[PDB]
Amino acid sequence: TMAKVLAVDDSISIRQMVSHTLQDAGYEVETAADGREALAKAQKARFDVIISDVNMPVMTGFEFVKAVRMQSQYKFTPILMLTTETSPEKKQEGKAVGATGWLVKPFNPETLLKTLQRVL
């Protein structure tokens, strides 16, 4: 079809980069600036994958994924979290609340594309 993506980051450049890169790759992309706006969008549709920054406004990315995992329709949905941390020990919180995998910032298009590809 064209996998449906919800990307959440308060950074304008991050949203534009993700949106442009994924859309050029055949994805249907929807962006949000914070956890509140993201949750509201996720609640109203059915995204195939969610990409979310850990340092989101309104709530941490951890609380966001946790709230997302609380909705039955998103129990198995792959979630990819953006972080500046390369150290696994530093974000065990991610696996705990239900994150599927990570994407370390700063990344590039190929990193983004391959990483997404590998969690679907």
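Residues numbered from 1 in each chain as written, not as in the entry; some residues may be left out. Heavy atoms only, no water.

Method of determination, as annotated in the archive: X-ray crystallography, at 1.90 Å resolution.

1. Looking at the environment of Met 70
Mapped onto the elements, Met 70 comes out in the loop between α3 (61–69) and β4 (79–83). Of the residues examined, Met 70 reaches a relative accessible area of 61% and is grouped as exposed. Sequence spacing of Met 70 and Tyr 27 is 43 residues, and the spatial spacing of their C-alpha atoms is 25 Å. (Helix = DSSP H or I, 4+ residues; strand = E, 2+ residues; numbered from the N terminus. Buried < 20%, exposed > 50% of the residue type's maximum accessible area, 1.4 Å probe, protein only.)

2. As for the side chain of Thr 115
Within the element layout of this structure, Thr 115 appears in helix α5 (residues 109–117). A distance of 2.6 Å separates the side chain of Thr 115 from the backbone oxygen of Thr 111, its partner in a polar contact. (Polar contact = N/O pair within 3.5 Å; in protein donor to acceptor, adjacent residues only side chain to side chain.)

3. Section: the pattern of salt bridges
Across all of its chains, the model carries 6 salt bridges by this definition. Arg 36 is the partner of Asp 34 in a salt bridge, and the nearest nitrogen-oxygen pair spans 3.4 Å. Under the relative-accessibility criterion, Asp 34 is labelled buried at 12%. Judged by relative accessible area, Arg 36 falls into the exposed class, the value being 52%. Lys 105 is the partner of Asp 53 in a salt bridge, and the nearest nitrogen-oxygen pair spans 2.9 Å. Of this pair, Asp 53 sits in strand β3 (residues 49–53) while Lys 105 sits in the loop between β5 (101–104) and α5, and the two are 52 residues apart along the sequence. A cluster of three or more residues bridged by salt bridges with shared partners is formed by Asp 9, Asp 53 and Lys 105. (Salt bridge = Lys/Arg side-chain N within 4 Å of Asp/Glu carboxyl O.)

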